[PDB]
Amino acid sequence: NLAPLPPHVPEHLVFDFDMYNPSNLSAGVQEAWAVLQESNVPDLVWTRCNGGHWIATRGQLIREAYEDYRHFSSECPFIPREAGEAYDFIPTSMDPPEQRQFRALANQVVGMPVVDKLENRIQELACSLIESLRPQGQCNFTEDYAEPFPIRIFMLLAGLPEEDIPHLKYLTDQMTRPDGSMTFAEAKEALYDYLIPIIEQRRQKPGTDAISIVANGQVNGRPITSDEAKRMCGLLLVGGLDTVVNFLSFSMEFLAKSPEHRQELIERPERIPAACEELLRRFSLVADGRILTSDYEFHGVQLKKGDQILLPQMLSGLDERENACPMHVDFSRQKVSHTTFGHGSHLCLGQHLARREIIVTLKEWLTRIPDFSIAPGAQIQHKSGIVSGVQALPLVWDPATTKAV
Ligand code: HEM
Ligand SMILES: c1ccc(-c2ncc[nH]2)cc1
């Protein structure tokens, strides 16, 4: 389902990539997207799927487009258009200077200082979930750890019931990796019916949870409105209920397959921080974009006002011009260049939180279960969209090789 080519698009710039169902999916999701960086592909392409939009394919252009908020606006950041249009999350659907006051607030709730405080719980939950898995010699890493781990730390942060997990998880999934089951606006609305009451309650009777802090915060010397809070909190939820979860499975899937990688981390733990960045580069997973606010000529191509462009965060560090041998995982690379957490004014607030959850999981898992592999006859399926993921991750191990702590 290709849309008829708009007049301004040079036909030699057409490259029909489906962000929602790329061609090489079976070989892996990052591998599927990297086709855009082969030699036959121009740097800035036009795709006809998903209603027609541009895709920047190079580190350099993505960074530039991200830096340039004047031309490339966060007003409509999701593709297809109907979705970018219904998108009203804060601070994500706003441009500087307006964006800045809301970011300052969200930062309060997820910043370094909050992570610093939640550390022992992170570490505590990891050790617990692991040790519980250990003696089984088998899990579904996706369902058994990848989801619980990050989700429960978030529920805790927000002060929301663990019971709510499934519902929230399905609505998040429809936003990022649309099923067909629900339009973006419907998913958005339902997350919203969920939050409203909770926000009301916390305006009235404040706690110390992230929601109460957002609900009663100040933006530009005045109190935030209800709609504003609803809209920040909605982002906070989806923000992490989805990204960390998928990142862990990609990383774990790689670890299950690379014995020498695990060993390296076991013998030289000083290297975990470095390995973490390398995994962030190699298993990068987000893809969103921007809307053109006017006619503008970028890298020789004519962008008409209203055009949407996909600026894949995923692709910058997979770009050979940026990283030599990009598909190879090397924990000792001199410079790990990525834009996994984004670029420009919208750089991820939650990065500190995500790195802490990543490092803990790796140190913690390797300690207890140093030797594990993918289950025999398991076929791992990746999925694509705004946030790419792993469907399920069957792992097997010999209990006798574990170590209880
Ligand atoms: C592996 C994990 C994560 C990845 C890969 C990631 C990726 C991203 C990216 C690429 C952006 C920028 C999007 C744009 O410029 O439109 C972003 C923004 C954001 N992320 Fe993260 N994220 C991760 C984890 C989290 C966590 C754990 C949270 C906390 C709930 C979160 C909250 C946010 C927020 C609040 C913003 C918006 C910042 C602003 O608009 O100024 N993310 N993230
Ligand atoms: C980075 C990753 C995901 C999001 C997002 N917004 C709504 C659903 N998911 C935004 C930024």
Side-chain angles (χ1 to χ4, degrees), residues 19-20 74-80 82-94 99 102-103 105-107 109-110 142 146-179 181-199 209-211 214-215 227-249 285-289 313-314 340-342 346-354 357 383-390:
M19 69 168 293
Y20 293 105
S74 292
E75 170 219 300
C76 182
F78 272 35
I79 287 172
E82 315 76 67
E85 290 199 327
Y87 196 98
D88 58 19
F89 296 140
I90 313 184
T92 64
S93 69
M94 310 173 165
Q99 176 264 159
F102 301 77
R103 167 180 184 78
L105 179 67
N107 191 43
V109 309
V110 302
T142 83
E147 292 176 19
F149 181 64
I151 312 181
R152 285 196 221 175
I153 293 156
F154 185 81
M155 312 292 270
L156 177 73
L157 183 76
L160 287 185
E162 295 185 2
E163 303 71 84
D164 292 333
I165 292 172
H167 180 68
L168 299 179
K169 189 57 177 138
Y170 171 90
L171 304 170
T172 304
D173 289 26
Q174 303 289 315
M175 291 181 188
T176 259
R177 302 173 297 289
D179 212 331
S181 80
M182 68 200 294
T183 85
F184 182 92
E186 319 282 38
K188 191 206 62 163
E189 288 304 311
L191 169 67
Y192 300 159
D193 287 359
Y194 177 93
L195 309 166
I196 299 167
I198 305 188
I199 276 152
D209 68 280
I211 300 169
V214 175
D227 183 65
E228 296 167 348
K230 183 189 61 186
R231 290 178 315 129
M232 293 215 208
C233 297
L235 184 66
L236 302 187
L237 245 285
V238 287
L241 248 74
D242 199 31
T243 54
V244 177
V245 172
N246 296 301
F247 185 80
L248 291 178
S249 298
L285 72 156
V286 171
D288 73 344
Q313 301 85 346
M314 190 202 305
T340 293
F341 305 107
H346 293 256
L347 191 55
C348 184
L349 284 172
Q351 58 183 308
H352 311 285
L353 183 60
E357 302 190 335
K383 281 264 316 187
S384 199
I386 309 285
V387 183
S388 292
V390 178

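Excluded from the calculations below are hydrogen atoms, water molecules and symmetry mates; all remaining heavy atoms, backbone and side chain alike, are included. In this chain, residues are counted from 1 in sequence order.
- Taken from CD1 in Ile386 to CD1 in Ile79, the straight-line distance is 7.0 Å, to the nearest 0.5 Å.
- The closest side-chain heavy-atom distance from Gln313 to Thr340 is not below 4.5 Å.
- Looking only at atom types and distance, the side chain of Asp88 has a donor-acceptor partner in the side chain of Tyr192 under 3.5 Å away.
- Counting heavy atoms from C-beta on, the side chains of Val109 and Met232 never come closer than 4.5 Å.
- Rounded to the nearest 0.5 Å, atoms CG (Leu235) and CD1 (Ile90) are 9.5 Å apart.
- The side-chain heavy atoms of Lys169 and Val245, taken from C-beta on, include a pair separated by under 4.5 Å.
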Kindly determine whether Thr176 and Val238 satisfy side-chain contact (heavy atoms from CB on, under 4.5 Å), including the steps that lead there.
CA-CA 9 Å; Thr176 259; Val238 287; over 6 Å; no
Evaluation steps, side-chain contact (heavy atoms from CB on, under 4.5 Å), between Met182 and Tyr170:
CA-CA 10 Å; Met182 68 200 294; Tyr170 171 90; 3.7 Å; yes
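- Rounded to the nearest 0.5 Å, atoms SG (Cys233) and CG (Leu191) are 9.5 Å apart.
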side-chain contact (heavy atoms from CB on, under 4.5 Å) between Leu157 and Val110, intermediate numbers included:
CA-CA 9 Å; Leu157 183 76; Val110 302; 4.2 Å; yes
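- Taking 4.5 Å as the limit, some side-chain heavy atom of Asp164 sits within range of a side-chain heavy atom of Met155.
- Closest approach of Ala86 and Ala185 over heavy atoms only: CB-CB, 3.9 Å.
- Looking only at side-chain heavy atoms (C-beta outward), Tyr20 and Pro80 come within less than 4.5 Å of each other.
- Within the 3.5 Å criterion, the main-chain N or O of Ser388 finds no donor-acceptor partner in the side chain of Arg177.
- Of all heavy-atom pairs between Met175 and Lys188, the closest is CE-CA, 3.5 Å.
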Please assess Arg103 against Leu347 for the test side-chain contact (heavy atoms from CB on, under 4.5 Å), listing each intermediate value before the final yes or no.
CA-CA 10 Å; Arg103 167 180 184 78; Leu347 191 55; 3.9 Å; yes
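- Using a distance-only test at 3.5 Å, with no hydrogens or angles considered, no donor-acceptor pair links the side chain of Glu186 to the main chain of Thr183.
- Residues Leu248 and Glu357 fail the side-chain proximity criterion, which asks for heavy atoms closer than 4.5 Å.
- Side chains of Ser74 and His346 form a contact here, defined as non-hydrogen atoms less than 4.5 Å apart.
- Looking at heavy atoms from C-beta onward, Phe154 lies out of side-chain contact with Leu168 at the 4.5 angstrom threshold.
- Taking the six-membered ring for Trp and thresholds of 30 and 60 degrees, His167 and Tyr194 have ring planes inclined between 30 and 60 degrees apart.
- A pairwise comparison of heavy atoms in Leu105 and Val214 identifies CD2-O, 3.9 Å as the closest pair.
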